[PDB]
């Protein structure tokens, strides 16, 4: 089918050692694999969306401001893509098949035009990568499922701080959502 890759929240704040909300080693462990995956999609001409948590500094209306320290703030280094993913994007950010999409909830669909863009391009298969397996990847997958997309989870290109949550999520994807979980 026509494919798209959604590369979720692979920012400094979620992966870097002093990430404002860092997932730590597991997050950095997938750097090479997710950079390779994303590059492969971009070079093969498939649709690639960098879906990135985006926060204003002064926003007492955002639900997450009740739960979390400031993170992925617009204009700060924390929001920048982590490691070798940041130059990849920089290299390709003008490409037609590359979309940088700011999002304000865990799911890449929520309050965005992701579905609009995907339908325009008649995309039927959504590949998911990024952080966290059992939060943003999960919610995105739930929306994708309910919206009728075929789903592929790249299990070596996703990670979470919580190993048990990561495991739980991969099993949920295979057994409940009926996604393909790919190595």
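Positions refer to the first chain, counted from 1.
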request  = Could you settle it for me: does 83-91 or 104-112 have the higher average Cα B factor in the PDB entry?
outcome  = 83-91
Mean C-alpha temperature factor, higher of 5-13 and 18-26 = 18-26
note = Top Cα B-factor in this entry, restricted to 48, 57, 142, 153, sits on 57
remark   = By the entry's values, the third containing the CA B factor of residue 138 is the lowest
inquiry  = Among the modelled residues of this chain, does the Cα B factor of residue 117 put it in the lowest, middle or highest third?
reply    = lowest
query = If you rank every modelled residue in this chain by C-alpha B factor, which third holds residue 39: lowest, middle or highest?
reply = middle
query = Relative to the other modelled residues in the chain, which third contains the C-alpha temperature factor of residue 63: lowest, middle or highest?
reply = middle
query = When the modelled residues of the chain are sorted by Cα temperature factor, does residue 53 land in the lowest, middle or highest third?
reply = lowest
